[PDB]
There are 4 protein chains.
Amino acid sequence: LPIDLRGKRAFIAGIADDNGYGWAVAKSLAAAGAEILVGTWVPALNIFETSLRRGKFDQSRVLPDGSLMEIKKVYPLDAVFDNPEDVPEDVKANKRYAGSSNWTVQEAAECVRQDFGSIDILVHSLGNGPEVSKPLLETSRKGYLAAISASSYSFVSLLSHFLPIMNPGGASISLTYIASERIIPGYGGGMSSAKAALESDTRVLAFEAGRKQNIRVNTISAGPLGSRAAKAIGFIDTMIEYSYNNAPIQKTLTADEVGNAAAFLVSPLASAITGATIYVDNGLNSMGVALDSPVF
Amino acid sequence: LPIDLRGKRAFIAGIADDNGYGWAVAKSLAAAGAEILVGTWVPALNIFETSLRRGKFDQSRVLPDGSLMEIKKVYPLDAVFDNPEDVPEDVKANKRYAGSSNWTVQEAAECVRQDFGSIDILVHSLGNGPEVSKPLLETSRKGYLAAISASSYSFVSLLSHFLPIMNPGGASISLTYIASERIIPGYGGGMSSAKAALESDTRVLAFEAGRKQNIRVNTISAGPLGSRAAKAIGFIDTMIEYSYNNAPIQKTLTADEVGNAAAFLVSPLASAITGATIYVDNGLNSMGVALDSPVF
Amino acid sequence: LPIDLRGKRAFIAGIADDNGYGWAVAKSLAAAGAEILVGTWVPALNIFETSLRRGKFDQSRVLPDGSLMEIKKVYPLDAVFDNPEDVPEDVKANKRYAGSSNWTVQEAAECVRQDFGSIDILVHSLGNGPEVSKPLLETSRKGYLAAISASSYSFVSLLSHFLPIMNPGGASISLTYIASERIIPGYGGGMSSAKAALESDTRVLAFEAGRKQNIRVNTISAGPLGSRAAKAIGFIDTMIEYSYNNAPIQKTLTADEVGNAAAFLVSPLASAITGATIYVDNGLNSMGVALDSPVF
Amino acid sequence: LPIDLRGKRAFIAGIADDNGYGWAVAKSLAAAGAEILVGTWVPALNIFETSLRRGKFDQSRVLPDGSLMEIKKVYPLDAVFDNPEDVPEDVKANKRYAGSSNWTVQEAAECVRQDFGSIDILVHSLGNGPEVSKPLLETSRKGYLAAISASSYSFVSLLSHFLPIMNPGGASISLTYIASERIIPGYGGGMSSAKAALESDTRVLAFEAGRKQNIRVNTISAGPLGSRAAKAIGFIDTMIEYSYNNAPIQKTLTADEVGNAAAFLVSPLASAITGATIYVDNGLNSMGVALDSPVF
Ligand SMILES: [C][C][C]S(=O)(=O)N1N=[C]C2=C([C]=C([C])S2)[B@]1([O])O[C]1[C]([O])[C]([C]OP(=O)([O-])OP([O])(=O)O[C][C]2O[C](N3[C]=NC4=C3N=[C]N=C4[N])[C]([O])[C]2[O])O[C]1[N+]1=[C][C]=[C]C(C([N])=O)=[C]1
Ligand SMILES: [C][C][C]S(=O)(=O)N1N=[C]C2=C([C]=C([C])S2)[B@]1([O])O[C]1[C]([O])[C]([C]OP(=O)([O-])OP([O])(=O)O[C][C]2O[C](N3[C]=NC4=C3N=[C]N=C4[N])[C]([O])[C]2[O])O[C]1[N+]1=[C][C]=[C]C(C([N])=O)=[C]1
Ligand SMILES: [C][C][C]S(=O)(=O)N1N=[C]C2=C([C]=C([C])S2)[B@]1([O])O[C]1[C]([O])[C]([C]OP(=O)([O-])OP([O])(=O)O[C][C]2O[C](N3[C]=NC4=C3N=[C]N=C4[N])[C]([O])[C]2[O])O[C]1[N+]1=[C][C]=[C]C(C([N])=O)=[C]1
Ligand SMILES: [C][C][C]S(=O)(=O)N1N=[C]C2=C([C]=C([C])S2)[B@]1([O])O[C]1[C]([O])[C]([C]OP(=O)([O-])OP([O])(=O)O[C][C]2O[C](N3[C]=NC4=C3N=[C]N=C4[N])[C]([O])[C]2[O])O[C]1[N+]1=[C][C]=[C]C(C([N])=O)=[C]1
């Protein structure tokens, strides 16, 4: 009983190294037979491509079969910008941007349309919170709005823009986090607020795209992973040790584990699953208390 | 057993008339014996005051004890703007906005401080969505963000600002809606996303303000009430009628009922209640199927 | 704005000392003007009455007003037994039982009917788990079933039996616990399973009684309190310290705080609240992690 | 990307024919390459075997790879009874029950042990409610408990028993229903209470078995499928039709779809997923109003 994506195509918005979930989601979708089209945040695109081409990620490219993952094509992208009339002269002038073009979501989707004409799977695997290090109390309107835009509306734009080239029976998946639903000290700047909306949008978009084009929409609320961004937030390591001590099952969490879950959810086996928020966290979220409390 | 607010001051950002929830809360709080400060949205400000001069809501100010409400002072207010330094000379140029001043949330709170040195209760009963009529799929990033800015971040701003002059042991209340957690056709423009964020932040702010100033923070997920804003949305009547048909108890919903839950939630009686999302909707949210579906 | 129960009557199933929530729920309902009819588990009835009459609970009887709570009448009861044909000869012979009679739920309700003809409020505040000290894995079918019967169906019987004498506009409330919804190590024997069902039944009964007789049904998921039963489970003290360290607001939880919440929920102010599970726990449940983890 | 169960043994308590979910799971698991042990409820046992001798489900045993399922061994089983010492001589006297033996869960598991020394996967796909047709208000304590015993505790028993011969790294799956969390008219006899308990225990057992034997435990909240038991309930068709009308995606639901989610959830792919309640219902549970309501 395979998770079969053979003949399917996927657009993965959010890889820039072999260190996060997106890469992992990509091996899984690759491993299932899907054709990978990666969405790379412009700034990182150059180095990613270079590293990729020269082989920095070769081991990371080894599929379950021993074969290596192939990345069909890499498109530069910035999910905060929907169309060319939207970018600011400052943003355009802003260096890296000079080097690749057609990187707004609308443009990206267009290149893809022209390039392969359609996709089946759409994978959101990005976000950003300029003030993540601040408590909601110390978080500015702009910062808050930035987070919501980058981490939340970014999914709405991509889906909306790609939907027209998504083959019926296709699906999308995103990566959320428990902070949307529970208080997680340290995840500030409106990032919490952002997942909440991302998750809410999943249910809404599920209805809309489901009815519009029989496309499924879900999201995976993932456990902590020392990705690049995570390490940037700076609390992930403790979070990894927290999850290790206190989860129903005690073990490591691996990118791998979120990847397969995503591959499943975007496959035909998951045909009756839509509007979901699946927790791939070793059950952590289901705990009523932490085992490690000094009181115990 | 009284809900006792005597000697308590409350600042209710969110009245513009006597047709919506905010008025009801003022009332209940007035009834609870709290002193009423109000923050009307600048545009509506003049008319509101004017209307509340000619005795347009005289019948509407009568309390349970045939006593009359007494709104201490009305403040001009725009929750999208946190400080003067943030205003668009465009808005500033606007007549209403010219006709008033000190309306930024940072400005609004300083006045209360000077005028009254303090408060104990903050009520948020506003929000705006330029695109409520559009599906997430048809919703602009500008609109989504506007919706999240006026509807979610404004709470953050108000609380963050006023919190300094909140008396430890004080508390806050806001009004959310089910579309945040469940799919509700017609409630668009990212408003649903906005509620999700407003709800997520209640929890996080309960932690933040809870630990910083011993202030409580909750939100009430209210049922449909044909208010002025609900009027605009253009789907409430159906929802109202819908709720009549399909809730556990088949009855009406009156702001009055939302208004009492707020007074309670903001009173000492509710002291071990914080970071909650109390549904005051006649239990509709618990239903697993509409009773009025034709299959039945 | 008072919580007014004047002219109302309440039946409280579950007091045997002034140490738990039921007593607290009783002062609140008393304080609001309701007439108290207590339901005491037979075995404890004798001593409770004795202590009560002689004045062991006099201070505990002091209402907010300085006046003392009055307990209209005490009925003996055993909520595992619905009618006389249900008690086992062993149970009947079982000592304490000899001393009071008419103690099955059906009989109890009858005495009440005959005694006062109707009630408005119904308060469940009991349960029992013979194997609470055992993990679900080490818990026998009987033990599990016992817990469910005593702690869960006990509410269904009482409500069902009392409903016919409940005045329309009346309500009921019960006390649940987070273990139903999240993993709480130490609360075994199927007690976890029991709250889950108690909470589920609240939603169901809310629909049934709501539609049948316009009666409201809710439950309060309470924080830890060193009641007698709690101390019996043996983990409550650590739980109290856990809740103190890790809640959004740091403070003590007091019987008092659950009492007022219950008084509110059973009052007319709560007319649009039914099918609810309200958390009177200092926000504990909303936390995504424990602050006290050694990792932090 | 395969859902690989080769070399894995699975014990599926819950088949009595090819019309329900349990069969589907066996299939998917069969397909996944796992060896199929089955536990038919003694009454249905003879007929099931008989039916599965004459090739009554021959078409129904065909796998995705045109391969045929192959049920290693069928075990007679009654999940209300955990050991022989517990049987009512009344039941024992029963012909079917005479005609078979070793059917108590403790007995059933020892045979598997002897016969196969081990397992890796446990599927629970049964339950019974003598009173499903009665509202909680009309539901007997005997019926409620029977419902909870056959439907909730049986899982506890199976797991608890088999867990000793489960290979660390194994996992369990069960089938629950939305009535546990939401009000669903027609689903009575305390069945709803039973699901709530079954769901609550998944979490707790994920902790227990998770920490004790590194076994995972999840439940799938399935949508309506016109199975034999659903047939009896006498409300599925409506629910089925209802789900067609009001889910995010308007389509059918086939055991097949529940069956695949189980295979995944029990396969290594789902290794960081435990204590979950995955809704495989075409996203209906996320809807906030029935689209088919006449108000609309
Ligand atoms: C601050 C924020 C940011 S984000 O991204 O959003 N994040 N990060 C980190 C983290 C989180 C959470 C946690 C707990 S940690 B978050 O929020 O989220 C996340 C996301 O969404 C996803 C993925 O990520 P990761 O994998 O982790 O990382 P990386 O690898 O680094 O990735 C990222 C990406 O993105 C991109 N971008 C940015 N920006 C942008 C982009 N693109 C376009 N546009 C724009 N603007 C970059 O570059 C890269 O590619 O998932 C998530 N998570 C969840 C859960 C958990 C996690 C961990 N880590 O643990 C994560
Ligand atoms: C749509 C958008 C808006 S909001 O507001 O947010 N909303 N509205 C309406 C509605 C809703 C929902 C529904 C169902 S309907 B929503 O979303 O939310 C809400 C809020 O929170 C509150 C309020 O409302 P109401 O009361 O109803 O009305 P009114 O009276 O009209 O009020 C409003 C207010 O706001 C204000 N603002 C604006 N903007 C601004 C302001 N302020 C300041 N600043 C700024 N910028 C004005 O002025 C006015 O006064 O509530 C809520 N809810 C909830 C739920 C339900 C409801 C009903 N109604 O039903 C409501
Ligand atoms: C083992 C079990 C038992 S019970 O009761 O159910 N419980 N206890 C304890 C506890 C819990 C939980 C926790 C966390 S701790 B449980 O589960 O629950 C409870 C109940 O329900 C209520 C109340 O209680 P309290 O207040 O705690 O205590 P007390 O005072 O002791 O009370 C009790 C009562 O009951 C009665 N009974 C018995 N049995 C019976 C009766 N009656 C009739 N019949 C029969 N059979 C006695 O005697 C008395 O009166 O609530 C609850 N809670 C919840 C939450 C929390 C809590 C704390 N404590 O914390 C409690
Ligand atoms: C009613 C009561 C019973 S139960 O089973 O629990 N159920 N049924 C039906 C129905 C439900 C729900 C609905 C919606 S419908 B219920 O609750 O749950 C269920 C369970 O878990 C499972 C199974 O089912 P189905 O698959 O469907 O069917 P069938 O095939 O017929 O199966 C059953 C079985 O069981 C058994 N048993 C009995 N008793 C006993 C047993 N085993 C052992 N022991 C004892 N004692 C028999 O034999 C058979 O085989 O699933 C579920 N579900 C869920 C959801 C949904 C559904 C549908 N169908 O739709 C189902």
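No hydrogens, no waters, no symmetry mates; every other heavy atom, side chains included, goes into these values. Proteins get letters first, then strands, A, B, ... in listed order; numbering begins at 1 in each.
Counting heavy-atom pairs closer than 4.5 Å to chain B, the top-ranked of the candidates C/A32, C/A206, C/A263, C/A272 is C/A272. The residue among B/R203, B/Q250, B/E208 with the most heavy atom pairs within less than 4.5 Å of chain C is B/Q250. Taking chain B as the reference chain and counting heavy-atom pairs below 4.5 Å, the highest number among C/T274, C/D281, C/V258 is found for C/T274. Note on B/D256, B/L269, B/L265: by heavy-atom pairs under 4.5 Å with chain C, the leading option is B/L269.
At a 4.5 Å heavy-atom cutoff, the contact between B/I215 and chain C is made by backbone atoms alone. There is no contact between C/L5 and chain B, counting heavy-atom distances below 4.5 Å. Only the side chain of B/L253 comes within contact range of chain C, with at least one heavy atom under 4.5 Å from a heavy atom of that chain. For B/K251, the part lying near chain C is the side chain, with the backbone staying farther off; criterion is any non-hydrogen pair under 4.5 Å. Only the side chain of B/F264 has a heavy atom closer than 4.5 Å to any heavy atom of chain C. Only the side chain of B/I278 comes within contact range of chain C, judged by heavy atoms closer than 4.5 Å.
Judged by distance alone, the side chain of C/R211 and the main-chain N or O of B/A247 form a donor-acceptor pair under 3.5 Å. Side-chain atoms of C/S286 come within 3.5 Å of backbone N or O of B/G275 as a donor-acceptor pair.
Other residues, nucleotides and ligands contribute at most 12 non-hydrogen atoms within 6.0 Å of the NZ atom of C/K231.
When each of C/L29, C/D4, C/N260 is paired with B/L1, the side chain to side chain contact (heavy atoms under 4.5 Å, CB included) condition holds for C/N260 and for no other.
Listed here is the closest heavy atom pair of B/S271 and C/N282: O-OD1, 3.9 Å.
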